[PDB]
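Containing TSV, C-alpha atoms and all ligand atoms: model15.tsv.
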```
chain	number	residue	atom	x	y	z
A	1	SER	CA	0.00	0.00	0.00
A	2	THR	CA	0.86	3.68	-0.26
A	3	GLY	CA	-0.52	7.02	0.87
A	4	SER	CA	-0.07	10.57	-0.38
A	5	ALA	CA	-1.34	13.74	1.29
A	6	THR	CA	-0.86	17.45	0.70
A	7	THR	CA	0.62	19.49	3.55
A	8	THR	CA	-0.14	23.21	3.77
A	9	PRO	CA	1.55	26.05	5.69
A	10	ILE	CA	-0.69	27.44	8.44
A	11	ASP	CA	0.26	31.06	7.77
A	12	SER	CA	2.31	33.37	5.54
A	13	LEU	CA	5.53	32.58	7.42
A	14	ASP	CA	5.39	28.77	7.15
A	15	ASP	CA	5.30	28.63	10.97
A	16	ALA	CA	3.97	25.05	10.74
A	17	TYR	CA	2.33	22.71	8.23
A	18	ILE	CA	-1.01	20.91	8.49
A	19	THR	CA	-2.09	17.71	6.75
A	20	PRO	CA	-5.65	16.37	6.66
A	21	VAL	CA	-6.17	13.06	8.48
A	22	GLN	CA	-9.30	10.89	8.56
A	23	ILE	CA	-10.12	9.46	11.98
A	24	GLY	CA	-12.96	7.11	12.85
A	25	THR	CA	-16.13	5.80	11.19
A	26	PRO	CA	-17.67	7.79	9.57
A	27	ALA	CA	-14.50	9.77	8.97
A	28	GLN	CA	-13.77	12.83	11.08
A	29	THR	CA	-11.18	14.88	9.22
A	30	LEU	CA	-8.71	16.77	11.41
A	31	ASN	CA	-5.76	18.85	10.24
A	32	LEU	CA	-2.69	17.55	12.04
A	33	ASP	CA	0.88	18.79	12.42
A	34	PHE	CA	3.07	15.92	11.14
A	35	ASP	CA	6.03	15.86	13.52
A	36	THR	CA	9.12	13.74	12.84
A	37	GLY	CA	10.46	14.89	16.21
A	38	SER	CA	7.81	13.25	18.41
A	39	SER	CA	5.88	9.99	18.54
A	40	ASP	CA	2.36	10.70	19.78
A	41	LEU	CA	-0.75	11.07	17.62
A	42	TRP	CA	-2.93	13.36	19.72
A	43	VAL	CA	-5.99	15.43	18.89
A	44	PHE	CA	-8.27	18.13	20.20
A	45	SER	CA	-11.40	16.26	21.20
A	46	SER	CA	-14.82	16.29	22.82
A	47	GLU	CA	-12.85	15.68	26.03
A	48	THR	CA	-10.65	18.77	25.82
A	49	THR	CA	-11.25	21.40	28.49
A	50	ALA	CA	-13.75	23.76	26.83
A	51	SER	CA	-11.84	26.95	27.67
A	52	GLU	CA	-8.75	25.51	25.96
A	53	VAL	CA	-10.48	24.98	22.61
A	54	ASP	CA	-10.56	27.99	20.28
A	55	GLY	CA	-11.56	27.21	16.72
A	56	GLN	CA	-9.99	23.77	16.36
A	57	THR	CA	-11.86	20.85	14.86
A	58	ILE	CA	-12.39	18.19	17.50
A	59	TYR	CA	-12.44	14.39	17.44
A	60	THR	CA	-15.57	12.96	19.07
A	61	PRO	CA	-14.94	9.26	19.77
A	62	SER	CA	-18.56	8.65	20.82
A	63	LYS	CA	-19.57	9.37	17.21
A	64	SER	CA	-17.11	6.84	15.78
A	65	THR	CA	-18.40	3.27	15.53
A	66	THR	CA	-14.83	1.96	15.37
A	67	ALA	CA	-13.50	3.91	18.40
A	68	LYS	CA	-12.58	1.90	21.50
A	69	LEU	CA	-11.36	3.30	24.81
A	70	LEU	CA	-7.88	1.99	25.55
A	71	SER	CA	-8.66	1.16	29.14
A	72	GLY	CA	-6.39	2.74	31.74
A	73	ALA	CA	-4.12	4.41	29.21
A	74	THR	CA	-3.04	8.01	29.67
A	75	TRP	CA	-0.52	10.24	27.95
A	76	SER	CA	1.33	13.45	28.73
A	77	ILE	CA	3.90	15.24	26.61
A	78	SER	CA	6.06	18.34	26.77
A	79	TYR	CA	7.86	19.68	23.73
A	80	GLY	CA	11.12	21.60	23.84
A	81	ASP	CA	9.42	24.96	23.32
A	82	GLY	CA	7.39	25.07	26.54
A	83	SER	CA	4.20	23.60	25.09
A	84	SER	CA	2.41	20.54	26.47
A	85	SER	CA	-0.73	18.40	26.36
A	86	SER	CA	-2.22	15.33	28.04
A	87	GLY	CA	-5.25	13.07	28.18
A	88	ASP	CA	-6.50	9.53	27.62
A	89	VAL	CA	-6.42	7.17	24.67
A	90	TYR	CA	-8.70	5.56	22.11
A	91	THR	CA	-7.91	3.15	19.32
A	92	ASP	CA	-9.58	3.92	15.98
A	93	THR	CA	-9.16	3.76	12.22
A	94	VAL	CA	-6.81	6.44	10.88
A	95	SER	CA	-6.21	7.22	7.22
A	96	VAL	CA	-3.67	9.53	5.63
A	97	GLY	CA	-3.91	10.22	1.90
A	98	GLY	CA	-5.55	6.85	1.19
A	99	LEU	CA	-3.38	4.80	3.56
A	100	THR	CA	-5.39	3.19	6.35
A	101	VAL	CA	-4.31	1.88	9.75
A	102	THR	CA	-6.81	0.08	11.95
A	103	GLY	CA	-6.35	0.08	15.72
A	104	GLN	CA	-4.22	3.22	15.74
A	105	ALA	CA	-3.73	4.83	19.15
A	106	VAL	CA	-5.50	8.19	18.98
A	107	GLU	CA	-4.57	10.19	22.06
A	108	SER	CA	-7.44	12.40	23.13
A	109	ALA	CA	-6.47	15.67	24.80
A	110	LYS	CA	-8.07	16.59	28.09
A	111	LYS	CA	-5.59	19.47	28.57
A	112	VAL	CA	-3.52	21.54	26.14
A	113	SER	CA	-1.17	24.46	26.83
A	114	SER	CA	-1.90	27.99	25.66
A	115	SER	CA	0.24	27.83	22.51
A	116	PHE	CA	-1.89	24.96	21.18
A	117	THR	CA	-5.14	26.74	22.06
A	118	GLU	CA	-3.90	29.82	20.20
A	119	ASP	CA	-3.21	27.91	16.95
A	120	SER	CA	-6.77	27.60	15.63
A	121	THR	CA	-5.44	25.88	12.49
A	122	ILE	CA	-3.77	22.90	14.20
A	123	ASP	CA	-6.15	20.17	15.41
A	124	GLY	CA	-3.39	17.99	16.87
A	125	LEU	CA	-0.09	16.29	16.11
A	126	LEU	CA	0.86	13.12	14.25
A	127	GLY	CA	4.22	11.90	15.51
A	128	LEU	CA	6.65	10.27	13.11
A	129	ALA	CA	9.75	9.79	15.27
A	130	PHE	CA	10.47	6.33	16.70
A	131	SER	CA	7.84	4.65	18.84
A	132	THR	CA	10.25	4.40	21.77
A	133	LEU	CA	9.43	8.09	22.42
A	134	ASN	CA	5.67	7.51	22.63
A	135	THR	CA	4.34	8.72	25.99
A	136	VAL	CA	1.32	6.44	26.48
A	137	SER	CA	1.35	4.73	29.88
A	138	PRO	CA	1.31	1.98	31.05
A	139	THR	CA	1.47	0.43	27.58
A	140	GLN	CA	3.53	2.37	25.05
A	141	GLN	CA	1.85	2.75	21.65
A	142	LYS	CA	3.13	2.68	18.07
A	143	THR	CA	3.21	5.59	15.63
A	144	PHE	CA	1.07	5.67	12.51
A	145	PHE	CA	4.17	4.93	10.43
A	146	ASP	CA	5.24	2.04	12.67
A	147	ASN	CA	1.75	0.50	12.35
A	148	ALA	CA	1.62	0.98	8.58
A	149	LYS	CA	5.18	-0.07	7.81
A	150	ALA	CA	4.75	-3.79	7.10
A	151	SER	CA	1.89	-3.05	4.70
A	152	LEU	CA	3.71	-0.33	2.75
A	153	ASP	CA	5.27	-1.12	-0.64
A	154	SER	CA	8.52	0.18	0.84
A	155	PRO	CA	9.07	0.96	4.55
A	156	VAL	CA	9.59	4.69	3.96
A	157	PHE	CA	7.90	8.05	4.11
A	158	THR	CA	8.98	11.30	2.49
A	159	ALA	CA	8.63	14.96	3.43
A	160	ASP	CA	8.43	17.55	0.65
A	161	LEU	CA	7.65	20.82	2.42
A	162	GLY	CA	6.95	23.92	0.36
A	163	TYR	CA	8.28	27.44	0.79
A	164	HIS	CA	5.16	29.63	1.01
A	165	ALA	CA	3.37	26.85	-0.82
A	166	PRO	CA	1.76	23.45	-0.31
A	167	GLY	CA	3.86	20.29	-0.29
A	168	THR	CA	3.50	16.55	0.15
A	169	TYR	CA	3.90	13.71	2.60
A	170	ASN	CA	4.15	10.31	0.88
A	171	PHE	CA	4.06	6.92	2.56
A	172	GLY	CA	5.47	3.75	1.07
A	173	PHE	CA	7.08	5.08	-2.11
A	174	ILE	CA	9.61	7.56	-3.42
A	175	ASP	CA	8.28	9.98	-6.06
A	176	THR	CA	11.22	10.23	-8.44
A	177	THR	CA	9.62	13.24	-10.14
A	178	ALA	CA	9.69	15.30	-6.93
A	179	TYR	CA	13.42	16.06	-6.77
A	180	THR	CA	16.42	16.91	-8.92
A	181	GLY	CA	19.66	14.94	-9.16
A	182	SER	CA	20.19	12.06	-6.76
A	183	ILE	CA	19.15	11.33	-3.19
A	184	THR	CA	22.10	11.17	-0.79
A	185	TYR	CA	21.55	8.78	2.10
A	186	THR	CA	23.17	9.22	5.49
A	187	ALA	CA	23.30	7.15	8.69
A	188	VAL	CA	20.73	7.52	11.45
A	189	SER	CA	21.07	6.93	15.17
A	190	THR	CA	17.84	5.91	16.89
A	191	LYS	CA	19.48	5.95	20.34
A	192	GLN	CA	17.49	9.03	21.40
A	193	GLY	CA	14.35	8.04	19.50
A	194	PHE	CA	14.84	10.71	16.82
A	195	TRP	CA	15.80	10.75	13.15
A	196	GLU	CA	19.28	11.74	14.29
A	197	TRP	CA	22.07	12.17	11.78
A	198	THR	CA	25.37	13.99	11.27
A	199	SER	CA	25.72	16.82	8.78
A	200	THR	CA	29.17	17.12	7.19
A	201	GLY	CA	29.39	20.91	7.40
A	202	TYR	CA	28.09	24.24	6.19
A	203	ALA	CA	28.64	27.35	4.11
A	204	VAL	CA	27.30	30.88	4.42
A	205	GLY	CA	26.25	32.48	1.13
A	206	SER	CA	28.95	32.09	-1.52
A	207	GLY	CA	31.52	31.42	1.20
A	208	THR	CA	33.81	28.42	1.44
A	209	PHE	CA	32.39	25.19	2.81
A	210	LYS	CA	33.44	24.40	6.38
A	211	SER	CA	33.88	20.66	6.91
A	212	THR	CA	32.67	19.90	10.42
A	213	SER	CA	30.43	17.24	11.98
A	214	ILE	CA	27.08	18.57	13.17
A	215	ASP	CA	24.88	16.03	14.94
A	216	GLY	CA	21.20	16.89	14.81
A	217	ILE	CA	17.67	15.68	14.21
A	218	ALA	CA	15.41	15.95	11.17
A	219	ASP	CA	12.32	17.49	12.74
A	220	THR	CA	9.31	18.56	10.67
A	221	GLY	CA	7.54	19.74	13.83
A	222	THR	CA	10.11	22.46	14.55
A	223	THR	CA	9.87	25.66	12.50
A	224	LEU	CA	13.43	26.93	12.54
A	225	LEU	CA	16.99	25.69	12.05
A	226	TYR	CA	18.83	25.39	15.38
A	227	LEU	CA	22.59	25.00	15.15
A	228	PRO	CA	25.68	25.47	17.36
A	229	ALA	CA	26.38	29.03	18.45
A	230	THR	CA	29.61	29.16	16.44
A	231	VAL	CA	27.81	28.31	13.20
A	232	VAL	CA	24.93	30.68	13.87
A	233	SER	CA	27.29	33.54	14.72
A	234	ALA	CA	29.15	32.92	11.45
A	235	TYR	CA	25.87	33.19	9.54
A	236	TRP	CA	24.50	36.38	11.11
A	237	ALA	CA	27.90	38.10	10.93
A	238	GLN	CA	27.24	38.29	7.17
A	239	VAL	CA	24.07	40.32	7.70
A	240	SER	CA	24.67	44.02	8.43
A	241	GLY	CA	22.94	45.05	11.64
A	242	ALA	CA	22.04	41.53	12.73
A	243	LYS	CA	22.38	40.81	16.44
A	244	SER	CA	21.27	38.41	19.14
A	245	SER	CA	18.53	39.96	21.25
A	246	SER	CA	17.95	38.49	24.70
A	247	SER	CA	14.69	40.43	25.00
A	248	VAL	CA	13.32	39.04	21.73
A	249	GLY	CA	14.86	35.60	22.30
A	250	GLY	CA	17.25	35.14	19.40
A	251	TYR	CA	18.91	36.69	16.40
A	252	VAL	CA	17.09	39.57	14.77
A	253	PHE	CA	18.03	41.52	11.66
A	254	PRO	CA	17.00	44.71	9.82
A	255	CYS	CA	13.97	43.92	7.68
A	256	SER	CA	15.69	45.89	4.86
A	257	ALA	CA	18.49	43.30	4.68
A	258	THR	CA	19.05	40.79	1.91
A	259	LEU	CA	19.79	37.46	3.60
A	260	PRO	CA	22.54	35.16	2.35
A	261	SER	CA	21.82	31.51	1.67
A	262	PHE	CA	22.91	28.77	4.05
A	263	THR	CA	24.30	25.46	2.79
A	264	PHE	CA	24.47	22.26	4.83
A	265	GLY	CA	26.27	19.05	3.96
A	266	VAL	CA	24.79	15.60	3.58
A	267	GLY	CA	27.78	13.37	2.98
A	268	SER	CA	29.51	14.81	-0.08
A	269	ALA	CA	26.27	16.43	-1.18
A	270	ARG	CA	25.03	19.95	-0.42
A	271	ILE	CA	21.58	21.36	0.35
A	272	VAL	CA	21.20	25.09	-0.22
A	273	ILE	CA	18.67	27.05	1.86
A	274	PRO	CA	17.85	30.28	0.01
A	275	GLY	CA	18.18	33.46	2.05
A	276	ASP	CA	14.43	34.20	1.84
A	277	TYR	CA	13.69	30.96	3.71
A	278	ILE	CA	15.50	32.40	6.73
A	279	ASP	CA	13.23	35.47	7.02
A	280	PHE	CA	10.50	35.13	9.65
A	281	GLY	CA	9.28	38.68	9.41
A	282	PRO	CA	8.76	41.59	11.80
A	283	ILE	CA	9.16	40.68	15.48
A	284	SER	CA	5.87	42.53	16.08
A	285	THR	CA	3.44	44.12	13.62
A	286	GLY	CA	4.94	47.19	11.96
A	287	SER	CA	8.45	46.60	13.32
A	288	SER	CA	11.51	47.03	11.12
A	289	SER	CA	13.30	44.34	13.12
A	290	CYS	CA	12.85	40.85	11.66
A	291	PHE	CA	13.25	37.46	13.31
A	292	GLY	CA	15.86	35.08	11.95
A	293	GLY	CA	15.21	31.52	10.81
A	294	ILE	CA	18.59	30.25	11.96
A	295	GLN	CA	19.03	30.29	15.74
A	296	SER	CA	21.40	28.92	18.35
A	297	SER	CA	20.77	25.46	19.77
A	298	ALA	CA	22.82	26.29	22.88
A	299	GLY	CA	19.87	26.26	25.30
A	300	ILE	CA	18.18	23.19	23.75
A	301	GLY	CA	20.73	20.42	24.13
A	302	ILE	CA	20.40	19.21	20.55
A	303	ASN	CA	20.76	20.61	17.03
A	304	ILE	CA	17.50	20.67	15.08
A	305	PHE	CA	17.13	20.58	11.33
A	306	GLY	CA	13.64	22.03	11.36
A	307	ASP	CA	11.35	23.22	8.56
A	308	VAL	CA	13.71	26.01	7.43
A	309	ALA	CA	16.24	23.31	6.46
A	310	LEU	CA	13.92	20.49	5.48
A	311	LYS	CA	11.76	22.52	3.10
A	312	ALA	CA	14.88	23.17	0.97
A	313	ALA	CA	15.06	19.41	0.31
A	314	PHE	CA	13.17	16.30	-0.65
A	315	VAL	CA	13.66	14.18	2.48
A	316	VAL	CA	13.40	10.40	2.72
A	317	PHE	CA	12.73	8.86	6.12
A	318	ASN	CA	13.82	5.29	5.51
A	319	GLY	CA	12.39	2.95	8.13
A	320	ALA	CA	14.21	-0.19	7.04
A	321	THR	CA	15.64	-2.48	9.73
A	322	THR	CA	18.59	-0.09	9.83
A	323	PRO	CA	16.97	3.32	9.33
A	324	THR	CA	18.62	6.01	7.19
A	325	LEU	CA	17.83	9.53	5.98
A	326	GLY	CA	17.96	10.70	2.38
A	327	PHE	CA	18.22	14.29	1.11
A	328	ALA	CA	17.83	15.56	-2.45
A	329	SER	CA	17.70	19.05	-3.90
A	330	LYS	CA	14.43	19.98	-5.61
B	401	LIG	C1	12.83	25.49	20.33
B	401	LIG	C2	13.30	25.03	21.55
B	401	LIG	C3	13.27	23.68	21.87
B	401	LIG	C4	12.76	22.80	20.92
B	401	LIG	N1	12.60	21.42	20.91
B	401	LIG	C5	12.06	21.11	19.71
B	401	LIG	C6	11.77	19.71	19.27
B	401	LIG	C7	12.89	18.68	19.45
B	401	LIG	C8	12.16	17.31	19.33
B	401	LIG	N2	10.73	17.61	19.65
B	401	LIG	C9	10.62	19.05	20.03
B	401	LIG	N3	11.84	22.17	18.94
B	401	LIG	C10	12.28	23.25	19.69
B	401	LIG	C11	12.32	24.61	19.38
```

Spell out the structure here as C-alpha cells.
Amino acid sequence: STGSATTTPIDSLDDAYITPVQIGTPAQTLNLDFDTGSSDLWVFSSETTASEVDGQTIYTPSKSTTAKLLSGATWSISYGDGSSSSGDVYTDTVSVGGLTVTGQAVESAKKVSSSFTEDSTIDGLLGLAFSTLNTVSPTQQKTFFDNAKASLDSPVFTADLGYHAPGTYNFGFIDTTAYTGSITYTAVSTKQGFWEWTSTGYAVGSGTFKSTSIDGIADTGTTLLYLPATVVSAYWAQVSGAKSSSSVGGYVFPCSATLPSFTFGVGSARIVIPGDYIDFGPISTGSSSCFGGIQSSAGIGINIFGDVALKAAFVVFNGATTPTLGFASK
C-alpha cells in the first residue's frame, strides 16, 4: 500500500504545516501537524477542556463506531518549546492520503497548553519519530508509520515541504519526479528516538564550505533551524545590523536586509537554503526588526534541522531495519 497527502503552511511565514487526516467511522477529518520529532498522535477532542479549545476541529470518539477506549491508558507530553498536552487514549481507524491503519492509538487531549489553544489551524499532532518516544502509559503505543510499515510497498515516508506553498507527505514510495539529481543517504542513530544524523558541514552564502560534523535531528515539527552558536554567529555576521537579542529571544536583523543563503552538507552532497527561507518577518506588527530563521541550539541540548532546512530538500525517512535519511535538492 501507499498514501499521499498534501501538507499546507498554516500562515504566511510557514510557521507550521497541516495535513488532513481521517479518523474514525464515519471519517472525522482533522488537520494535524506531522512531527518527525515526536511519537504521539494526539488530537483536540470532545474531552478537551472547553476553555482551551478555540476554533480547532475536534475528534468525538462517541460518534465513531470503530473507536474503543484503551482502558487505563493516559498520555502526557512536553515539547522543547514550553508547550504541552495530556489526556486519555482511544484506538480507531486512521487514514492519511488513502493509507489506512486500523487500531491506531488516537490520544485524546483533556488538557492543552496555551500555545496549542492559540493555533486555531492545528487540530493535533501526528508523531513520526520512533515509537520508543511515545508517551502512552502503562502500555507504550506505536506511531502511525510504525503501524503501517509492514503493509507499505517500501518501509519509507517522504517529506516535501513547500516554501510559502503546499507540499507533500508520501508513505510507502519515493516519487522520483519530486526532486532533482540524486538522493544522498546518510546514517541515522535511533538511540534518542529521533531521526538523528550527522551533517558534514556548512557554508554561508557564496563562502567556502566548512567541513565539520554537526549532529542533529530531522524534525518537521520544529519551525526553525537550530545549530551550534559558532555556526549561527558565522551566519548572522554576514548580515549588516544583525544581532542576538535576549529580550526578543534570538537573532534579529533589519527587515531591509538581503539574507545570504545557508548550505548544509549531507555526505559529499550539499543542500542550499535560500536566504528568503531564513526570514521570519517583523518581530511585532509594523516593526523594522525581523526574526531570523537560523538560531542557536545552545539552550536546547540538541541541534535541530527544522522546517527552514527540510523545506529546501526532498527528504526520505527510511524505516528499514537499519533506518537512514535521504536528502535531495528539488
Ligand atoms: C525550540 C526550543 C526547543 C525545541 N525542541 C524542539 C523539538 C525537538 C524534538 N521535539 C521538540 N523544537 C524546539 C524549538

Select the residues contacting ligand LIG 401 (chain B) at a distance of at most 6 Å, based on all atoms listed in the file, then format the selection as a PyMOL selection string. chain A and resi 37-38+79-81+222+300

Pick out the residues sitting within 6 Å of residue 35 in chain A, and hand them over as a ChimeraX atom specification; count all atoms listed in the file, and ignore anything fewer than 2 positions along from it in its own chain. /A:37-38,126-128,220-221

To one decimal place in Å, what is the distance between CA of residue 186 in chain A and CA of residue 266 in chain A?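 If I compute the distance from CA of residue 186 in chain A to CA of residue 266 in chain A, I get 6.9 Å.
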
Counting all atoms listed in the file, which residues come within 8 Å of (-6.3, 18.6, 13.2), with the point read in the file's coordinates, and could you list them as an NGL selection string? :A and (18-21 or 29-33 or 43-44 or 56-58 or 121-125)

In the coordinates of the file, take the point (2.6, 9.5, 24.4) and a cut-off of 8 Å; then, counting all atoms listed in the file, name each qualifying protein, DNA or RNA residue as number ranges by chain. A: 39-41, 74-77, 107, 133-137, 140-141

Separation of CA of residue 167 in chain A from CA of residue 183 in chain A, in Å and rounded to one decimal: 18.0 Å

I'd like the contact shell of residue 142 in chain A - 9 Å cut-off, only C-alpha atoms, skipping same-chain residues fewer than 3 positions apart - returned as number ranges by chain. A: 39-40, 104-105, 130-132, 134, 145-147

Selected residue, from A:84, A:321, A:287, A:7, that lies nearest to residue 116 in chain A when counting all atoms listed in the file: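 Nearest candidate to residue 116 in chain A out of A:84, A:321, A:287, A:7: A:84.
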
Write out as a PDB file with C-alpha atoms, in the frame of the given file each polymer residue whose atoms come within 6 Å of residue 97 in chain A, counting only C-alpha atoms; drop sequence neighbours fewer than 2 positions from it.
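Once written, around-v7.pdb looks like this:
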```pdb
ATOM      1  CA  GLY A   3      -0.520   7.020   0.870  1.00  0.00           C
ATOM      2  CA  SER A   4      -0.070  10.570  -0.380  1.00  0.00           C
ATOM      3  CA  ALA A   5      -1.340  13.740   1.290  1.00  0.00           C
ATOM      4  CA  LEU A  99      -3.380   4.800   3.560  1.00  0.00           C
TER       5      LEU A  99
END
```

Between CA of residue 253 in chain A and CA of residue 209 in chain A, what distance in Å does the model show, to one decimal?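 CA of residue 209 in chain A lies 23.5 Å from CA of residue 253 in chain A.
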
Leaving out range 176-182 of chain A and any residue of its chain fewer than 6 positions from it, which residues lie within 7 Å of it when counting only C-alpha atoms, given as a list in words?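 What passes the distance filter is residues 314, 328, 329 and 330 of chain A.
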
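Considering the residues A:144, A:291, A:202, A:17 and counting only C-alpha atoms, residue 269 in chain A has its shortest atom-to-atom contact with A:202.
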
For residue 85 in chain A, list every protein, DNA or RNA residue within 8 Å, evaluated using all atoms listed in the file, and leave out those in the same chain fewer than 2 positions away; present the list as a PyMOL selection string. chain A and resi 76-78+83+87+109-113

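Distance check against residue 52 in chain A using all atoms listed in the file: of A:120, A:28, A:100, A:324, the minimum falls on A:120.
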
If I only have part of range 19-46 of chain A, can you fill in N, CA and C atoms and write it as a PDB file, keeping the file's coordinate frame?
```
ATOM      1  N   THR A  19      -1.799  18.780   7.696  1.00  0.00           N
ATOM      2  CA  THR A  19      -2.090  17.710   6.750  1.00  0.00           C
ATOM      3  C   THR A  19      -3.401  17.077   7.181  1.00  0.00           C
ATOM      4  N   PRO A  20      -4.351  16.912   6.251  1.00  0.00           N
ATOM      5  CA  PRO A  20      -5.650  16.370   6.660  1.00  0.00           C
ATOM      6  C   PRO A  20      -5.538  14.871   6.958  1.00  0.00           C
ATOM      7  N   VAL A  21      -6.195  14.448   8.036  1.00  0.00           N
ATOM      8  CA  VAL A  21      -6.170  13.060   8.480  1.00  0.00           C
ATOM      9  C   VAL A  21      -7.581  12.608   8.812  1.00  0.00           C
ATOM     10  N   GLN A  22      -7.964  11.442   8.307  1.00  0.00           N
ATOM     11  CA  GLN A  22      -9.300  10.890   8.560  1.00  0.00           C
ATOM     12  C   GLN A  22      -9.244   9.974   9.769  1.00  0.00           C
ATOM     13  N   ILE A  23     -10.082  10.261  10.761  1.00  0.00           N
ATOM     14  CA  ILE A  23     -10.120   9.460  11.980  1.00  0.00           C
ATOM     15  C   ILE A  23     -11.535   8.959  12.245  1.00  0.00           C
ATOM     16  N   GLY A  24     -11.680   7.653  12.453  1.00  0.00           N
ATOM     17  CA  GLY A  24     -12.960   7.110  12.850  1.00  0.00           C
ATOM     18  C   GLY A  24     -13.907   6.745  11.724  1.00  0.00           C
ATOM     19  N   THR A  25     -15.086   6.258  12.115  1.00  0.00           N
ATOM     20  CA  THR A  25     -16.130   5.800  11.190  1.00  0.00           C
ATOM     21  C   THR A  25     -17.493   6.342  11.644  1.00  0.00           C
ATOM     22  N   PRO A  26     -18.156   7.185  10.825  1.00  0.00           N
ATOM     23  CA  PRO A  26     -17.670   7.790   9.570  1.00  0.00           C
ATOM     24  C   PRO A  26     -16.468   8.675   9.847  1.00  0.00           C
ATOM     25  N   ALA A  27     -15.721   9.005   8.804  1.00  0.00           N
ATOM     26  CA  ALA A  27     -14.500   9.770   8.970  1.00  0.00           C
ATOM     27  C   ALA A  27     -14.748  11.130   9.621  1.00  0.00           C
ATOM     28  N   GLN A  28     -13.879  11.478  10.564  1.00  0.00           N
ATOM     29  CA  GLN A  28     -13.770  12.830  11.080  1.00  0.00           C
ATOM     30  C   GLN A  28     -12.420  13.339  10.606  1.00  0.00           C
ATOM     31  N   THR A  29     -12.421  14.387   9.789  1.00  0.00           N
ATOM     32  CA  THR A  29     -11.180  14.880   9.220  1.00  0.00           C
ATOM     33  C   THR A  29     -10.637  15.997  10.086  1.00  0.00           C
ATOM     34  N   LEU A  30      -9.431  15.783  10.608  1.00  0.00           N
ATOM     35  CA  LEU A  30      -8.710  16.770  11.410  1.00  0.00           C
ATOM     36  C   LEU A  30      -7.417  17.142  10.700  1.00  0.00           C
ATOM     37  N   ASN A  31      -6.986  18.387  10.870  1.00  0.00           N
ATOM     38  CA  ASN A  31      -5.760  18.850  10.240  1.00  0.00           C
ATOM     39  C   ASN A  31      -4.623  18.773  11.240  1.00  0.00           C
ATOM     40  N   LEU A  32      -3.716  17.821  11.038  1.00  0.00           N
ATOM     41  CA  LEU A  32      -2.690  17.550  12.040  1.00  0.00           C
ATOM     42  C   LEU A  32      -1.313  18.045  11.598  1.00  0.00           C
ATOM     43  N   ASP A  33      -0.502  18.376  12.596  1.00  0.00           N
ATOM     44  CA  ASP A  33       0.880  18.790  12.420  1.00  0.00           C
ATOM     45  C   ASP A  33       1.748  17.529  12.411  1.00  0.00           C
ATOM     46  N   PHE A  34       2.209  17.101  11.233  1.00  0.00           N
ATOM     47  CA  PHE A  34       3.070  15.920  11.140  1.00  0.00           C
ATOM     48  C   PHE A  34       4.443  16.251  11.706  1.00  0.00           C
ATOM     49  N   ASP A  35       4.878  15.484  12.700  1.00  0.00           N
ATOM     50  CA  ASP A  35       6.030  15.860  13.520  1.00  0.00           C
ATOM     51  C   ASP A  35       7.054  14.731  13.603  1.00  0.00           C
ATOM     52  N   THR A  36       8.114  14.797  12.805  1.00  0.00           N
ATOM     53  CA  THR A  36       9.120  13.740  12.840  1.00  0.00           C
ATOM     54  C   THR A  36      10.019  13.815  14.075  1.00  0.00           C
ATOM     55  N   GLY A  37       9.744  14.777  14.953  1.00  0.00           N
ATOM     56  CA  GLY A  37      10.460  14.890  16.210  1.00  0.00           C
ATOM     57  C   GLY A  37       9.694  14.465  17.457  1.00  0.00           C
ATOM     58  N   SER A  38       8.544  13.819  17.282  1.00  0.00           N
ATOM     59  CA  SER A  38       7.810  13.250  18.410  1.00  0.00           C
ATOM     60  C   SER A  38       7.026  12.035  17.933  1.00  0.00           C
ATOM     61  N   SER A  39       6.398  11.321  18.864  1.00  0.00           N
ATOM     62  CA  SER A  39       5.880   9.990  18.540  1.00  0.00           C
ATOM     63  C   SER A  39       4.488   9.734  19.088  1.00  0.00           C
ATOM     64  N   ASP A  40       3.733  10.807  19.313  1.00  0.00           N
ATOM     65  CA  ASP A  40       2.360  10.700  19.780  1.00  0.00           C
ATOM     66  C   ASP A  40       1.427  11.260  18.713  1.00  0.00           C
ATOM     67  N   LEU A  41       0.337  10.548  18.438  1.00  0.00           N
ATOM     68  CA  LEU A  41      -0.750  11.070  17.620  1.00  0.00           C
ATOM     69  C   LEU A  41      -1.816  11.540  18.598  1.00  0.00           C
ATOM     70  N   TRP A  42      -1.933  12.851  18.789  1.00  0.00           N
ATOM     71  CA  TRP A  42      -2.930  13.360  19.720  1.00  0.00           C
ATOM     72  C   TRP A  42      -3.776  14.431  19.060  1.00  0.00           C
ATOM     73  N   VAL A  43      -5.016  14.545  19.521  1.00  0.00           N
ATOM     74  CA  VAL A  43      -5.990  15.430  18.890  1.00  0.00           C
ATOM     75  C   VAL A  43      -6.799  16.218  19.908  1.00  0.00           C
ATOM     76  N   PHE A  44      -7.179  17.431  19.519  1.00  0.00           N
ATOM     77  CA  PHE A  44      -8.270  18.130  20.200  1.00  0.00           C
ATOM     78  C   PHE A  44      -9.504  17.240  20.113  1.00  0.00           C
ATOM     79  N   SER A  45     -10.298  17.201  21.174  1.00  0.00           N
ATOM     80  CA  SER A  45     -11.400  16.260  21.200  1.00  0.00           C
ATOM     81  C   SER A  45     -12.590  16.791  21.973  1.00  0.00           C
ATOM     82  N   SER A  46     -13.654  15.996  22.001  1.00  0.00           N
ATOM     83  CA  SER A  46     -14.820  16.290  22.820  1.00  0.00           C
ATOM     84  C   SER A  46     -14.491  16.272  24.311  1.00  0.00           C
TER      85      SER A  46
END
```
